[PDB]
Amino acid sequence: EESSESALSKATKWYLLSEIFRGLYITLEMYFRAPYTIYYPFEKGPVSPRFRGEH
Amino acid sequence: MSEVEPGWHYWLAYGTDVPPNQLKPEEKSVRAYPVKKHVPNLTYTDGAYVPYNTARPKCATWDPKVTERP
Ligand SMILES: CCCCCCCCCCCC(=O)OC[C@H](COP(=O)(O)OCC[N+](C)(C)C)OC(=O)CCCCCCCCCCC
Ligand SMILES: CCCCCCCCCCCC(=O)OC[C@H](COP(=O)(O)OCC[N+](C)(C)C)OC(=O)CCCCCCCCCCC
């Protein structure tokens, strides 16, 4: 009896999957963003003078 | 990837902003030995590195000699 949202309002979100479509929309946003992939071995990741490799 | 010369391997990996062809004369390495063409990794070939011991055996056997008794 102390809910802030009405039963119809809570049912509309529940039946129409309000947060599911919100999650789908965020995932679609990344589809139109630049990826992070680099093309090894044609490109190399960052290195520092302190890096330890072959002796 | 091993075909990249060690001079340009560091530049490709964003280790510096000065390419080896733009190096100052004092920043270059001084070699008293001659320089040959770059050799990549030689695995899966007949030129693969073969390890071996660089030290001689720690004991030497006696060279036998015969002396006749009087
Ligand atoms: C038209 C057919 C395609 C879309 C069908 C589904 C749409 C959502 C249905 C339920 C909405 C609802 O329940 O709305 C309510 C909710 C949340 O609002 P609240 O919490 O009440 O906000 C608080 C009160 N305010 C309003 C004053 C601030 O809204 C949503 O999360 C909307 C989702 C929008 C992003 C996804 C839209 C595109 C989906 C991907 C492409 C197919
Ligand atoms: C009259 C209009 C009819 C509408 C027809 C559609 C109804 C859909 C189902 C609504 C009920 C519901 O999703 O329920 C959620 C159920 C059961 O949840 P529960 O255990 O009851 O807890 C919730 C109830 N609370 C809050 C009172 C405790 O589980 C799920 O999370 C199911 C997730 C399915 C996700 C599939 C989405 C795939 C993508 C679709 C978009 C392209």
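One-based numbering, in listed order, for ligands and for the atoms of each. Chain identifiers are assigned alphabetically (A, B, ...) following the order of the sequence lines, protein sequences preceding nucleic acid strands; residue numbering begins at 1 within each chain.
- Hydrophobic clustering (ILVMFWY, side-chain heavy atoms < 4.5 Å, transitive): A/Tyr25 and A/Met30 are in distinct clusters.
- The ligand atoms of ligand 1 that sit less than 4.0 angstrom from a heavy atom of A/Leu16 are 9 (C), 10 (C).
- Side-chain atoms of A/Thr27 come within 3.5 Å of backbone atoms of A/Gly23 as a donor-acceptor pair (strictly under, hydrogens ignored).
- At least one N or O atom of A/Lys13, backbone or side chain, sits closer than 3.5 Å to an N or O atom of ligand 1.
- If you number the atoms of ligand 2 from 1 as listed, the ones under 4.0 Å from a heavy atom of A/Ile20 come out as 35 (C).
- Nearest protein neighbour of atom 38 (C) of ligand 1, counting heavy atoms only, is A/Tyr25 CD1, 3.9 Å.
- With B/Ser2 as the partner, the side-chain contact (heavy atoms from CB on, under 4.5 Å) test is satisfied by one option alone out of B/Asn41, B/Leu42, B/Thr43: B/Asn41.
- Distance remark: protein heavy atom present below 4.0 angstrom from atom 10 (C) of ligand 1.
- Cluster annotation: B/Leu23 is not connected to B/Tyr10 through the hydrophobic network of ILVMFWY side chains, with a link wherever side-chain heavy atoms come within less than 4.5 Å.
- Per-atom contact check: atom 27 (C) of ligand 2 does not touch the protein, criterion being a heavy-atom distance below 4.0 Å.
- Donor-acceptor pairing under 3.5 Å is recorded for the side chains of A/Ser9 and A/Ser6.
- Nearest protein heavy-atom neighbour of atom 40 (C) of ligand 2: A/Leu17 CD1, 4.2 Å.
- Here the heavy atom of the protein found nearest to atom 22 (O) of ligand 2 is A/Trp14 NE1, 4.4 Å.
- You'll find the side chain of B/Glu5 stays beyond 4.5 Å of the side chain of B/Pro20, heavy atoms only.
- Here the heavy atom of the protein found nearest to atom 8 (C) of ligand 2 is A/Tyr15 O, 3.5 Å.
- By the definition of a contact as any protein heavy atom under 4.0 Å away, atom 19 (P) of ligand 2 is not in contact.
- Under the 3.5 Å distance criterion, the side-chain polar atoms of B/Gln22 are left unmatched by any main-chain donor or acceptor of B/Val18.
- In terms of protein heavy-atom proximity, atom 41 (C) of ligand 2 is nearest to A/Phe21 CZ, 3.7 Å.
- Distance screen at 4.0 Å: atom 14 (O) of ligand 1 has no protein heavy-atom neighbour inside the cut-off.
- By the definition of a contact as any protein heavy atom under 4.0 Å away, atom 4 (C) of ligand 1 is not in contact.
- Residues A/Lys44 and B/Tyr14 share a closest heavy-atom pair of O-CE1, 3.5 Å.
- In this structure, atom 36 (C) of ligand 1 has a protein heavy-atom contact shorter than 4.0 Å.
- Contact annotation for atom 31 (O) of ligand 1: protein present (non-hydrogen atoms, distance under 4.0 Å).
- Surrounding CD of A/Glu2 are at most 12 heavy atoms belonging to other residues, nucleotides or ligands under 6.0 Å away.
- The nearest heavy-atom contact from the protein to atom 12 (C) of ligand 1 is A/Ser18 CB, 4.0 Å.
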